[PDB]
Each structure stands twice: as C-alpha cells, then as structure tokens.
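Colleague: Structure incoming, see below.
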Amino acid sequence: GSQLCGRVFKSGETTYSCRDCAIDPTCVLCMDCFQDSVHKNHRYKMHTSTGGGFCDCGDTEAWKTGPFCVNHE
Ligand SMILES: [Zn+2]
Ligand SMILES: [Zn+2]
Ligand SMILES: [Zn+2]
C-alpha cells in the first residue's frame, strides 16, 4: 500500500494530530504510532475520525518535524 503504517480508520475512531508539528489538523496519526513518537510530549489534539481515513505516519510532506514513529523509523 501507499502508507508506511497503513492502518485505516473506522467511523468514530480516535486519532491524534500534533499542533506543533502537523502541517494542518487533517495530518493525523493512529494511536499506536502516536504513543510511539516524539509528539506524545508536544501540544497534541485528539480527533474522532468520521470513517474512511488513514494514518499519516512517515508522510514526510505532512510533518515539519518527527514524521516517523519509532516502529516505522
Ligand atoms: Zn500508524
Ligand atoms: Zn508509525
Ligand atoms: Zn509534534
């Protein structure tokens, strides 16, 4: 698939963005990537997915800083 992580979200699924590093609030991380990245110590915001979205881990165009969790790099 296109995504390093490539978990895809159900409706109602909790996801995270980072207000410090995300290009915009639609740049989003799955809970497992989030909890394994530098952003867990930043100004993060939780978003409830409306369904159909996907994790942006390792999207190097989506993060000013810290684009990969430890698991995906
Ligand atoms: Zn992920
Ligand atoms: Zn990841
Ligand atoms: Zn951050």
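Just so we're on the same page: first chain in the structure tokens is A, next is B, and so on; residues restart at 1 for each chain, and ligands are numbered from 1 in the order they show up.
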Show me which residues sit within 8 Å of ligand 3 when counting only C-alpha atoms and all ligand atoms, and put them as a PDB file with C-alpha atoms, in the first residue's frame.
Modeller:
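Generated file (pocket_18.pdb):
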ATOM      1  CA  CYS A  18       0.194  17.372  16.739  1.00  0.00           C
ATOM      2  CA  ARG A  19      -0.379  21.136  16.866  1.00  0.00           C
ATOM      3  CA  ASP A  20       3.387  21.749  16.977  1.00  0.00           C
ATOM      4  CA  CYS A  21       4.480  19.577  14.029  1.00  0.00           C
ATOM      5  CA  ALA A  22       1.469  18.795  11.780  1.00  0.00           C
ATOM      6  CA  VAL A  38       8.010  12.468  19.775  1.00  0.00           C
ATOM      7  CA  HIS A  39       4.527  14.047  19.559  1.00  0.00           C
ATOM      8  CA  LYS A  40       3.259  12.409  22.760  1.00  0.00           C
ATOM      9  CA  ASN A  41       5.275  15.152  24.591  1.00  0.00           C
ATOM     10  CA  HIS A  42       4.003  18.010  22.335  1.00  0.00           C
ATOM     11  CA  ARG A  43       0.742  20.072  22.058  1.00  0.00           C
ATOM     12  CA  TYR A  44      -1.350  17.262  20.575  1.00  0.00           C
ATOM     13  CA  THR A  65       9.349  17.578  12.468  1.00  0.00           C
ATOM     14  CA  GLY A  66       9.196  13.899  13.585  1.00  0.00           C
TER      15      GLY A  66
END
Colleague: Enumerate as a PyMOL selection string the residues within 9 Å of ligand 2, counting only C-alpha atoms and all ligand atoms.
Modeller: chain A and resi 4-6+29-30+32-34+36-37+55-58+67-73
Colleague: Just the strand (DSSP E or B) stuff from chain A, please, per backbone DSSP, written as a ChimeraX atom specification.
Modeller: /A:8,14-18,22,29,44-48,54,63
Colleague: Just write the chosen residues, C-alpha atoms, as an mmCIF file, in the first residue's frame.
Modeller:
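Final output, saved to selection_19.cif:
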data_model
loop_
_atom_site.group_PDB
_atom_site.id
_atom_site.type_symbol
_atom_site.label_atom_id
_atom_site.label_comp_id
_atom_site.auth_asym_id
_atom_site.auth_seq_id
_atom_site.Cartn_x
_atom_site.Cartn_y
_atom_site.Cartn_z
ATOM 1 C CA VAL A 8 -7.181 2.696 8.035
ATOM 2 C CA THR A 14 -9.802 8.154 17.915
ATOM 3 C CA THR A 15 -6.792 9.609 16.063
ATOM 4 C CA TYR A 16 -4.147 12.209 17.010
ATOM 5 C CA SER A 17 -2.721 15.294 15.427
ATOM 6 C CA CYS A 18 0.194 17.372 16.739
ATOM 7 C CA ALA A 22 1.469 18.795 11.780
ATOM 8 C CA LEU A 29 -1.624 9.619 13.444
ATOM 9 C CA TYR A 44 -1.350 17.262 20.575
ATOM 10 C CA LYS A 45 -5.075 17.170 19.770
ATOM 11 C CA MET A 46 -7.379 14.182 19.565
ATOM 12 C CA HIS A 47 -9.707 13.839 16.579
ATOM 13 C CA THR A 48 -12.576 11.375 16.190
ATOM 14 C CA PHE A 54 -5.765 6.617 7.226
ATOM 15 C CA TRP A 63 5.049 16.818 9.423
#
Colleague: Considering only alpha helix (DSSP H) as DSSP defines it on the backbone, what residues of chain A qualify? List them as an NGL selection string.
Modeller: :A and (31-34)
